[PDB]
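No Cβ is skipped: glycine too gets one built from the backbone with ideal geometry, and neighbour counts run over all protein chains shown. Bear in mind these aren't lab numbers, they're just calculated from the coordinates by the rules spelled out.
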Amino acid sequence: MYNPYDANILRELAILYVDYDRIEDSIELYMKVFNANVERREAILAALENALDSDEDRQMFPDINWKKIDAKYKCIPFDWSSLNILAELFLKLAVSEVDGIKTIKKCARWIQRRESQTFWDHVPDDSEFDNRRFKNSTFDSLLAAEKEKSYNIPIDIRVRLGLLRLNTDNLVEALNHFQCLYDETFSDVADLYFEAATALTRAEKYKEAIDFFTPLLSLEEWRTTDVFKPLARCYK
Amino acid sequence: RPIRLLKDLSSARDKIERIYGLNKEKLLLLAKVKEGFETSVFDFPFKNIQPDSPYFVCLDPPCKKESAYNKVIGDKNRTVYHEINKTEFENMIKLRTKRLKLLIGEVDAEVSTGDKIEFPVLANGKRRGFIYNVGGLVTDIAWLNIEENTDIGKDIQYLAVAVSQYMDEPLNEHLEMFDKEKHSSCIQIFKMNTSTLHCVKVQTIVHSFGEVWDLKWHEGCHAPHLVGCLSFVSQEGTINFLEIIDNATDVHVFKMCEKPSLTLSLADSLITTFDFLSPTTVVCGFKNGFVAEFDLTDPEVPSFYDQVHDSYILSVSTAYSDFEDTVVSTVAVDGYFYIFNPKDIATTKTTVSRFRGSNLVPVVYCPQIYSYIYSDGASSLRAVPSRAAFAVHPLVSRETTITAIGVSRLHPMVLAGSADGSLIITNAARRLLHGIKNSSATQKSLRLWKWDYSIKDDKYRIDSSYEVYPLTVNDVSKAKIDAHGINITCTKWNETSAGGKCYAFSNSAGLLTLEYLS
């Protein structure tokens with residue numbers, strides 16, 4: 001109440017609600033911040049329209065009534081820094097996983113300024129994250145600028161969604177998400193590989209778990225019992 | 001002239017007066033249909049089915065002729081329901097667990113119960129609409145209609161699907177047609193926009209009446225609290241009418257039914273098919289080959305109960321007209337196709353053909369050209385005008401049995417689905433309203449889609465490629481066996497002007513599919 005504008009107070013308070021056995025309320029605290037961020041872009045571009053009809057975005061549009069508009073719409077800046085932990089908060093919830101996937105879609109699309117491409121949250125497939133995007137009949141109708149915008153989500157959020165898809169037993173989309181872990185530098189993702197292989201083990205996907213654990217046998221930090229015990233069990 | 005076989009009607013004007021008579025107001029419609037659809041070989045202009053078109057033609061079914069709700073139902077007979085949770089719904093109706101591998105052009109997907117898929121872009125053009133997965137055997141589908149003069153959004157429309165808890169096995173103790181069988185089966189009611197093709201499962205109704213077929217919406221059952229009323233024959237041997245009471249929300253609901261608004265039943269006999277002769281009376285057939293007209297206001301005793309067939313009557317259909325009697329047609333496992341007038345069966349009964357005894361014979365009425373459309377129980381599609389039974393014209397030949405047929409009140413386009421997974425479109429008016437001489441070349445058909453399956457890969461492999469099949473007149477009947485799930489179980493056009501270019505079809509695995517022909 002004294003300062004609604006600090007990310008640390010929010011993170012710690014949300015963590016206390018998780019230990020308070022209200023992971024749902026932890027996500028409820030987040031939803032209000034995300035909504036405030038969505039509302040701020042509606043307001044910022046509406047103010048651009050008012051300036052035309054008369055942050056780096058301020059430098060792009062100095063004619064806007066920035067004093068009143070920003071004083072009215074002051075907020076915590078939502079981005080992938082927030083969304084990776086929010087995706088982990090849905091993994092912590094272990095309930096409403098499909099709604100968690102939908103929540104992550106809404107957030108990831110808004111970060112890229114593509115939120116108006118509304119069909120991506122109605123369709124069941126993760127097409128926007130891959131070259132699959134060209135195949136859906138609604139994509140060819142988009143503006144050239146909408147086609148030029150970034151669709152490239154962080155590898156962290158892609159793995160969080162791969163884990164959530166796997167929890168929903170949607171194994172094809174889980175592999176579609178995890179494929180990028182084999183394209184990126186292993187040195188920056190071997191910890192995610194341990195989580196993916198252990199989650200595959202939890203999902204009874206023992207052959208895939210061994211495959212995902214195989215890269216860890218190349219580094220002294222990962223040539224460990226955390227890998228040898230699952231390897232031996234999956235082989236048993 | 002001794003006009004006694006089709007070849008005697010050599011002159012085109014002689015054919016039209018012999019098959020359609022001389023009522024001046026009746027002949028107008030044929031001239032309008034001819035000019036409005038002669039060039040419509042595989043598709044028709046949207047501008048021709050619109051309510052203001054210079055070629056607009058529309059014949060309402062007899063159930064729509066006057067308001068029926070206060071006579072068929074009213075506040076004295078409201079349907080009895082209670083709402084349920086998803087856990088008990090899935091305890092009875094064990095809809096398919098494992099996902100199906102669809103392929104649609106280049107796209108794979110594993111598709112779960114309820115996974116809508118828009119058509120991916122395909123090499124042969126701008127495909128519009130969606131594939132679905134309803135999760136069990138689709139036994140019937142039924143589009144509702146709403147009068148476009150109402151305050152309801154002209155682009156919103158409704159569709160129902162009857163779904164078995166039984167699966168890709170084609171022989172089961174539970175799908176028996178001969179003996180009475182109550183069991184859990186359901187109706188999924190869908191709301192969709194003809195403008196954006198967006199669709200939501202609004203209500204799921206659970207009932208113990210067994211499987212459901214001959215499913216149709218009563219277009220006269222109007223009341224402000226109803227979406228409409230849904231009518232069907234059920235495997236418990238009765239005809240059940242139930243109220244589709246509207247929600248205060250777009251959110252999904254699950255329901256169970258204790259008592260339908262109107263149940264038609266008879267002692268020691270199972271009703272097998274039915275059709276409306278007026279807003280308040282229905283003709284129906286029975287296991288024992290009998291036919292009866294029930295009164296929806298006085299359901300205690302039928303108006304008549306006369307024998308017309310030797311065995312199970314499969315389908316009954318009404319040929320309504322603004323100029324002739326409301327004749328009824330019937331086909332049975334005895335193979336006879338009879339046309340008769342319900343005023344007096346014994347003085348009017350007439351035969352069109354005898355087929356080989358076949359255990360599914362689709363028959364429908366094409367009201368734009370006053371002709372019944374039927375499968376010969378084997379592998380040909382044929383047309384017969386209600387007032388010239390000898391004038392049987394074959395429309396199309398297929399390598400495997402024609403299993404479902406659909407037609408609309410706004411246009412003469414006939415859709416036929418064979419148990420080889422092929423779906424074909426053809427213009428019936430081009431056969432009926434024109435000369436006999438060049439029939440082997442002037443009439444053709446187009447394959448709109450084909451399902452296929454691999455025993456080892458386990459995919460369903462929908463092929464968008466269009467194929468043209470010309471009319472083989474002297475052709476042999478054929479019977480190529482094909483994968484159990486790929487047979488087409490129903491096919492129907494939406495019949496509103498806004499939705500009139502939209503159609504729906506289903507295979508037997510569950511892959512309901514809709515397209516807007518634009």
Can you pull out every residue in region B:394-410 that is closer than 25 Å to residue B:437 by Cβ and of a type outside the set (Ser, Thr, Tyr)?
B:394, B:395, B:396, B:398
Members of region A:107-123 found to be of a type in the set (D, E, K, R), loosely packed, with under 15 Cβ neighbours inside 10 Å and more than 14 Å from every other protein chain (Cβ to nearest Cβ), listed by number:
A:113
Tally up the residues in region B:332-347 that are surrounded by fewer than 19 Cβ atoms within 10 Å (Cβ to Cβ), over 22 Å from residue B:358 (Cα atoms) and out of contact with any helix residue (DSSP H, G or I) (no Cβ under 6 Å at 6 or more places or on another chain), please.
5
So which residues in region B:500-518 are more than 16 Å from the chain's Cα centre (by Cα) and surrounded by 21 or more Cβ atoms within 10 Å (Cβ to Cβ), if there are any at all?
B:509, B:510, B:511
Identity of the residue in region A:124-133, in contact with a helix residue (DSSP H, G or I) (Cβ under 6 Å, 6 or more places away or on another chain) and not in a loop (DSSP other than H, G, I, E, B), that ends up farthest from the other protein chains (Cβ to nearest Cβ)
A:128
Only one of B:161, B:202, B:134 is outside any strand (DSSP E or B) and crowded, with 19+ Cβ neighbours inside 10 Å; which?
B:134
Unmet criterion (only one of (1) part of a loop (DSSP other than H, G, I, E, B); (2) within 25 Å of the chain's Cα centre (by Cα); (3) within 11 Å of another protein chain (Cβ to nearest Cβ)) for residue B:97
(2)
Test each condition in (1) among the hydrophobic types (A, V, I, L, M, F, W, C); (2) away from chain A (no Cβ under 14 Å); (3) closer than 19 Å to residue B:505 by Cα for residue B:92 and report the one that comes out false.
(3)
Please count how many residues of region A:101-130 are closer than 23 Å to residue B:132 by Cα and of a type outside the set (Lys, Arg).
15
Report yes if some residue within region B:159-168 is farther than 14 Å from residue B:510 by Cα, within 14 Å of another protein chain (Cβ to nearest Cβ) and touching a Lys or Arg at 6+ places or on another chain (Cβ under 9 Å); otherwise report no.
no
Within region B:473-490, work out how many residues are under 26 Å from residue B:44 (Cα atoms) and crowded, with 23+ Cβ neighbours inside 10 Å.
3
If you go through region A:86-95 one residue at a time, do you hit one that is in a helix (DSSP H, G or I), within 14 Å of chain B (Cβ to nearest Cβ) and at negative phi?
no
So, in region A:134-164, of the ones that are away from every other protein chain (no Cβ under 11 Å) and charged (D, E, K, R), which residue ends up nearest to residue A:205 (Cα to Cα)?
A:160
May I ask you to list the residues in region B:102-147 that are within 18 Å of residue B:197 (Cα to Cα) and either among the basic types (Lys, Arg) or more than 13 Å from chain A (Cβ to nearest Cβ) (or both)?
B:116, B:126, B:127, B:128, B:134, B:141, B:142, B:143, B:144, B:145, B:146
Criterion (more than 26 Å from residue A:1 (Cβ to Cβ), basic (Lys, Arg) and part of a helix (DSSP H, G or I)) met by exactly one of A:105, A:67
A:105
